[PDB]
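Everything below concerns the one structure shown next.
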Amino acid sequence: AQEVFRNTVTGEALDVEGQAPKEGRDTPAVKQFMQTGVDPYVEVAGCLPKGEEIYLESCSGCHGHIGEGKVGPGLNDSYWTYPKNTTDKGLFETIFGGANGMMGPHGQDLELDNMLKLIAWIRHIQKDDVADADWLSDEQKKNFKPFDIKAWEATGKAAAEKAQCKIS
Ligand code: HEM
Ligand SMILES: [Zn+2]
Ligand SMILES: [Zn+2]
Ligand SMILES: [Zn+2]
Ligand SMILES: [Zn+2]
Ligand SMILES: [Zn+2]
């Protein structure tokens with residue numbers, strides 16, 4: 001059954017159906033996420049360019065173009081202020097409902113399917129060791145390499161763009 005989503009800092013129920021855009025919910029990826037809390041776009045290369053464009057436009061002014069940190073914290077390291085952000089469910093809740101200070105809610109802004117691609121991008125830009133990563137499966141941990149923006153700009157993004165964004 002359905003996940004119940006709660007505000008990261010308060011525990012108040014997030015009204016996902018009430019607040020999310022009407023469009024972009026009817027995808028296999030969203031249906032699995034709303035049931036499971038696991039984001040099936042994670043480490044699907046095909047979903048990454050779109051996650052990156054969303055990120056750059058709305059998040060990187062504060063969190064940095066590669067998640068390095070600016071006004072707001074780094075998102076590309078092993079350390080989390082709110083440690084349930086090591087799960088896709090927690091990260092979704094932080095993004096959807098917001099946190100303290102200048103971190104406001106973005107639930108109302110992003111179609112659910114796009115939210116999931118954004119989260120895949122955030123996972124992809126990780127550059128610390130992932131052996132303990134709560135958001136990767138056993139096989140994914142075996143294949144995950146620290147993000148290198150140089151490779152991404154040279155070859156990574158081009159190849160991602162030619163691939164399909166679809167779940168397994
Ligand atoms: C855009 C949609 C965007 C994303 C994505 C995002 C993510 C994010 C996370 C996951 C956290 C929690 C980090 C952790 O647990 O360690 C977090 C926290 C803060 N952010 Fe953010 N953020 C997005 C957008 C923006 C915008 C545009 C701003 C600045 C105006 C901003 C800033 C902040 C701040 C400040 C925090 C710390 C909040 C806290 O409670 O500690 N983010 N963000
Ligand atoms: Zn259908
Ligand atoms: Zn940057
Ligand atoms: Zn961090
Ligand atoms: Zn937003
Ligand atoms: Zn770039």
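Labels for the structure tokens follow display order: chains A, B, ..., residues from 1 in each chain, ligands from 1.
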Quick one: pick out all alpha helix (DSSP H) residues within region 71-130 of chain A from a backbone DSSP run and write them as a ChimeraX atom specification.
/A:88-97,112-124
Kindly compile the residues surrounding ligand 6 within 12 Å, counting only C-alpha atoms and all ligand atoms, and format them as a PyMOL selection string.
chain A and resi 49+52-53+55-57+60+64-67+125+148-158
Test item: residues no farther than 8 Å from ligand 4, counting only C-alpha atoms and all ligand atoms, as a PDB file with N, CA and C atoms, in the first residue's frame:
```
ATOM      1  N   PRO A  73      23.356  23.634   1.699  1.00  0.00           N
ATOM      2  CA  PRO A  73      24.318  22.555   1.844  1.00  0.00           C
ATOM      3  C   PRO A  73      24.683  21.795   0.555  1.00  0.00           C
ATOM      4  N   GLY A  74      25.824  21.112   0.601  1.00  0.00           N
ATOM      5  CA  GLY A  74      26.226  20.141  -0.448  1.00  0.00           C
ATOM      6  C   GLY A  74      25.267  18.945  -0.464  1.00  0.00           C
ATOM      7  N   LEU A  75      24.910  18.452  -1.648  1.00  0.00           N
ATOM      8  CA  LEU A  75      23.975  17.363  -1.733  1.00  0.00           C
ATOM      9  C   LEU A  75      24.725  16.187  -2.320  1.00  0.00           C
ATOM     10  N   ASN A  76      26.029  16.364  -2.528  1.00  0.00           N
ATOM     11  CA  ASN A  76      26.792  15.404  -3.307  1.00  0.00           C
ATOM     12  C   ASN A  76      27.741  14.603  -2.390  1.00  0.00           C
ATOM     13  N   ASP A  77      27.520  14.702  -1.082  1.00  0.00           N
ATOM     14  CA  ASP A  77      28.394  13.994  -0.132  1.00  0.00           C
ATOM     15  C   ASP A  77      27.647  13.014   0.756  1.00  0.00           C
ATOM     16  N   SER A  78      28.356  12.358   1.679  1.00  0.00           N
ATOM     17  CA  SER A  78      27.786  11.265   2.456  1.00  0.00           C
ATOM     18  C   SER A  78      27.069  11.788   3.616  1.00  0.00           C
ATOM     19  N   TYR A  79      27.292  13.058   3.913  1.00  0.00           N
ATOM     20  CA  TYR A  79      26.677  13.637   5.082  1.00  0.00           C
ATOM     21  C   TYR A  79      25.304  14.282   4.873  1.00  0.00           C
ATOM     22  N   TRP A  80      24.316  13.948   5.713  1.00  0.00           N
ATOM     23  CA  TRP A  80      22.972  14.545   5.598  1.00  0.00           C
ATOM     24  C   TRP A  80      22.510  15.157   6.908  1.00  0.00           C
ATOM     25  N   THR A  81      22.055  16.402   6.839  1.00  0.00           N
ATOM     26  CA  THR A  81      21.400  17.039   7.984  1.00  0.00           C
ATOM     27  C   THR A  81      20.240  16.225   8.499  1.00  0.00           C
TER      28      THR A  81
END
```
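Taking only C-alpha atoms and all ligand atoms into account, every polymer residue with at least one atom at most 6 Å away from ligand 5 is listed here: residues 58, 106 and 109 of chain A.
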Could you save those same residues with C-alpha atoms as a compact mmCIF listing (two decimals), in the first residue's frame?
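Heads up, here's the output in selection_6.txt:
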```
# COMPACT_ATOMS: atom_id res chain seq x y z
CA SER A 58 15.51 25.54 -9.63
CA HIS A 106 8.69 22.46 -4.15
CA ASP A 109 6.22 23.10 -8.56
```
Residues within 7 Å of region 87-104 of chain A, please, as an NGL selection string. Count only C-alpha atoms; anything in the same chain fewer than 4 positions from it doesn't count.
:A and (5-9 or 14 or 37-39 or 134-135)
Would you please work out which residue, of A:42, A:48, A:118, A:29, is nearest to ligand 1 when using only C-alpha atoms and all ligand atoms?
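Counting only C-alpha atoms and all ligand atoms, the residue closest to ligand 1 is A:118.
Checking A:124, A:117, A:162, A:142 one by one against residue 50 (chain A), counting only C-alpha atoms, you find the shortest gap at A:117.
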Within 9 Å of ligand 2, counting only C-alpha atoms and all ligand atoms: which residues, as number ranges by chain?
A: 26-28
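Closest approach to ligand 1 among A:146, A:46, A:51, A:24 is made by A:51 (distances from only C-alpha atoms and all ligand atoms).
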I'd like the neighbourhood of residue 40 (chain A) as a list in words, where a residue qualifies if any of its atoms comes within 9 Å (using only C-alpha atoms), though same-chain residues fewer than 2 positions away should be ignored.
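So, after excluding close chain neighbours, the residues are residues 29, 30, 32, 33, 38, 42, 43, 44, 116, 120, 166, 167 and 168 of chain A.
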Between atom 1 (C, counted along the ligand's line) of ligand 1 and CA of residue 111 (chain A), what distance in Å does the model show, to one decimal?
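Spanning atom 1 (C, counted along the ligand's line) of ligand 1 to CA of residue 111 (chain A) is a straight-line distance of 12.6 Å.
Note that the spacing between CA of residue 137 (chain A) and CA of residue 11 (chain A) amounts to 27.1 Å.
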Using only C-alpha atoms and all ligand atoms, the residue out of A:13, A:45, A:1, A:62 with shortest distance to ligand 3 is A:62
Rank A:105, A:68, A:126, A:144 by their smallest atom-to-atom distance to ligand 3, using only C-alpha atoms and all ligand atoms, and report the top residue only.
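Of A:105, A:68, A:126, A:144, the one nearest ligand 3, counting only C-alpha atoms and all ligand atoms, is A:68.
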To one decimal place in Å, what is the distance between CA of residue 115 (chain A) and CA of residue 160 (chain A)?
18.1 Å
